[PDB]
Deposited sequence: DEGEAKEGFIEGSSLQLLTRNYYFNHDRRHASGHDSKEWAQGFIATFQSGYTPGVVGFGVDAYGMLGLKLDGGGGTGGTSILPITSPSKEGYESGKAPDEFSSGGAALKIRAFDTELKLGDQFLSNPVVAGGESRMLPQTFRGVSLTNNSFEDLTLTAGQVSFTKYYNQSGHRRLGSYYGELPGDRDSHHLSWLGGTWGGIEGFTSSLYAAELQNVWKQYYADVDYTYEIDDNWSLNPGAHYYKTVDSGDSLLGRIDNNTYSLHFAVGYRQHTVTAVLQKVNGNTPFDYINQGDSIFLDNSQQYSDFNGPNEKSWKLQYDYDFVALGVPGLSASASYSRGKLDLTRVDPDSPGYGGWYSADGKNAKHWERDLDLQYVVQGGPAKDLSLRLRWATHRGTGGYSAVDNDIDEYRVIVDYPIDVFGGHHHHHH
């Protein structure tokens, strides 16, 4: 289509409300404007992507500082189903993301390469840097791919190096079987290997983390079983934590990722579609985990504070209630409201590591398509 003709600008308005009980509320506006050029015609095309981001409480982006802002752009070059972005850009993959848990995502400065030559295969590579954000600079490079070569099944393999911190490896599989027209099974696994790298700023790291999910769908109902296991004396670690889609036990509050923590969750989801009210969904979860805090090295530079002499039998749990309505028609079409309730308690001195809390979040989201 071409630079002008293929251009699009989106503005995302974000209302964000966060309530915390401890055994502090917060209100914030946010705006994210996104432009994408078309491509100059020819074998090798040229374009531009650019964004700007603002938020205001009603580096530390926002939720704990009265205002925040940022903007950037990247040059894109597209040849043979390969796209190269050079500049500031968003990222989501198993070893790197701006993260979905907070109001504004983090961005990254550098090179990304994405190949779509084969339908069913995505390859990506990259080298970027980023600062520090949410709750000097970092450098990270990754190589990865995602394969779709079978009808109900998907595969991923990724690696990253976070300079002087870690090398991280990740695999996954997801299978879906449709039995009846109303009954389906979704077995799946996530795997993370983590080792220390270079100067080893966080200290020694030898960490293997597993996520198991089994999901029975029946019509609108879906019930899901999760096992998660962290093997090593530091907790599973990743950039921009919370609500991770590469972990089956990542929850509103806790990631159930502590060192040597075994965990499970039972989740229930419902789609109100056939009950007459489409765009309405709800879900509830219960998660339980246990780990032995005596096994942490208290002198571990990055992770030392997980150690507790009195930890031993430490355990915690979380029960999440989640519902969201997207408005599907009229003027507010696409306006989405989402309500989030989490309760978390630990026992066995888990509280020397994390807190007993009750979290309430409300998120109002309005997309605008401007050209």
The record leaves without C-alpha coordinates the deposited-sequence stretches 1-6, 30-35, 71-91, 169-186, 423-430
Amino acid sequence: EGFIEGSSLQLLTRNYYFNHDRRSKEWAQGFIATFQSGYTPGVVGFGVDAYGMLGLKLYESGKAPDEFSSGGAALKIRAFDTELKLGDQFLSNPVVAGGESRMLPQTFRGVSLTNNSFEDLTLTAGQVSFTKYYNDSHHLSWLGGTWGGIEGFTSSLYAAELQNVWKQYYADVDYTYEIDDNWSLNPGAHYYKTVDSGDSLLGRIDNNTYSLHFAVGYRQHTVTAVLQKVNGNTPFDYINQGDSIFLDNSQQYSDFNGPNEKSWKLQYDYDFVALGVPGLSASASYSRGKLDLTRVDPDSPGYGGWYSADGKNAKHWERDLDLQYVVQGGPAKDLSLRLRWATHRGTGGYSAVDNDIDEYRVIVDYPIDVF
From here on, numbers count along this sequence of modelled residues.
Per the PDB entry, mean CA B-factor is higher for 188-196 or 142-150, namely for 142-150
The stretch whose C-alpha atoms carry the larger average B-factor in the entry, 237-245 or 178-186, is 178-186
Per the deposited entry, the peak Cα B-factor within the set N313, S61, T40, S37 goes to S61
For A342, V44, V327, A50, the deposited C-alpha B-factor is largest at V327
On the chain's distribution of Cα B-factors, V95 falls within the third called lowest
For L75, the third of its chain by CA B-factor is the middle
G55: CA B-factor among chain residues, third -> highest
Chain-relative C-alpha B factor for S211 (record values, thirds): the lowest
Among the modelled residues of its chain, the C-alpha B-factor of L162 falls in the third labelled lowest
